[PDB]
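Only one chain is included here, represented as structure tokens and corresponding to the form deposited in one PDB entry.
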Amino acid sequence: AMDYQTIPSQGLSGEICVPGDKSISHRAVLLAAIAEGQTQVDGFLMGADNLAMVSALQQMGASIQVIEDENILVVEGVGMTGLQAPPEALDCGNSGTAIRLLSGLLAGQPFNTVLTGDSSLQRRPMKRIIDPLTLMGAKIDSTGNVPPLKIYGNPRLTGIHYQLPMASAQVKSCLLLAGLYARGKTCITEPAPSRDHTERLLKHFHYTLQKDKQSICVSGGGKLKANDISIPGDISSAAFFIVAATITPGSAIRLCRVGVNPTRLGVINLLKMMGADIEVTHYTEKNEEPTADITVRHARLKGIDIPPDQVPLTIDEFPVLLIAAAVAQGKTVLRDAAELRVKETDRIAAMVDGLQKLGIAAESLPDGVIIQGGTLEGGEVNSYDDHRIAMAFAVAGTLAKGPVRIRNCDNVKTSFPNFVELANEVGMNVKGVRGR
């Protein structure tokens, strides 16, 4: 039982390299596992969520050498049909991405699999993948449309045309993966574009994608071919520092080699709309993902009305963006973000609770929040076991008038194992301490 304790910052400074992208890491190892040939993955995120994906794949006979101290995986692919029936349930930990992408991969295998997870994951919604996989011919049992899931593999799935009913890159990805195993074309239409890492990695692994009028499509029966991958820094991890440097007087930092995929840039798009001073330089493209260095200096902010097209491009950054909104001049309004309620925790409820506890006038909406910019006070908040709520309030502590105690931070290692170390290195004071 560990908590974080902060004291205000006198200014962030320095150059830091954040760890690898969680979303790209999940996809890289999964596709590499079923490719033909050897894939070396550099920059792999050695956090709990990504290592749960690795262990699950190893239980099914993927050949993965984990070099944790170097953030490298060496994967010897087993080909499309090379996986083997696992002996026990696959424990996905806290990871919705893992359970949802694995379900797509496993729906068309000739064996049965049970997928489970931690107490948070077992409360999260799965009807969104069960419905369309079932249309493809899958058989997935669940009690109450939440995990645990039992997948009765069907090696004769059929492609479908599906329009996403919510802006979910996970549903899109799940269906594209099942599409690799399905007879014919699987075409996905996205009315609200979400992160496109699956599409980019499929191309990297030489799997062809086609696009028509309104959708992206894959045809089953192709072969993934091994191709070394360098994973960019996670912009979601960098976002904590981007906000901290933006709001803390005297700050100027540079974040090196961060992924800057346009479908992941919402936090920068929105902060610039608020008045932030953010420069993206040294742009490079590798393995179909763009990377760049991001330089951030303190700037005074104004409240904004957040547009809906940016919600799927900023979904995981709302916790830390709301901290920026809390110290901006004026009102910030977030609507059409009901997806926040079905994450590791209900992130709207969690952010509103913590902000009120730190003296901010924050109000919940069914699909968002309304925040009146003000002044953060010291106090005590609860992470609700959500890594991003925890890190968001650690960022709040940079500008809070007094110390901030953040309860229950043991899940920060699901996405950012060295958060505390890097935070202290740049000037945002954080101590890991024993809780109650």
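The numbering used is simple: start at 1 and walk along the sequence shown.
Annotation: residue 214 belongs to the positions left without coordinates in at least a third of the other compared entries, with flanking residues modelled.
The records show that residue 95 is included in the coordinate set of every other eligible entry of this protein, so it is not omitted in a third of them. The PDB entry reports B-factors from which the mean C-alpha value can be compared for 311 to 319 and 159 to 167; the larger average falls on 159 to 167. With 362 to 370 and 280 to 288 compared on mean CA B-factor from the PDB entry, the stretch scoring higher is 280 to 288. As recorded in the entry, 183 carries the highest CA temperature factor of 347, 183, 264, 172.
Ranking 208, 116, 237, 120 by the C-alpha B-factor listed in the PDB entry places 208 at the top. Ranked by Cα temperature factor within the chain, residue 37 sits in the highest third according to the deposited record.
Per the PDB record, residue ranking by Cα B-factor puts residue 12 in the highest third of the chain.
Split the chain's modelled residues into thirds by C-alpha temperature factor. Residue 126 is in the lowest one.
Among the modelled residues of its chain, residue 81 has a C-alpha B-factor that falls in the highest third, as given in the PDB entry. Among all modelled residues in its chain, residue 145 ranks in the middle third by Cα B-factor.
There is another form of this protein, the form deposited in another entry, and it is not shown here; the text below is about that form.
Remark: the rigid segments turn against one another between this form and the one not shown, and the hinge among 56, 414, 317, 232 is at 232. Panel note: the distance between the CA atoms of residue 50 and residue 166 is larger in that other deposited form than in this form, the difference being 3 Å or more. Here's the thing about residue 422 and residue 67: their CA atoms end up at least 3 Å closer in that other deposited form than they are in this form.
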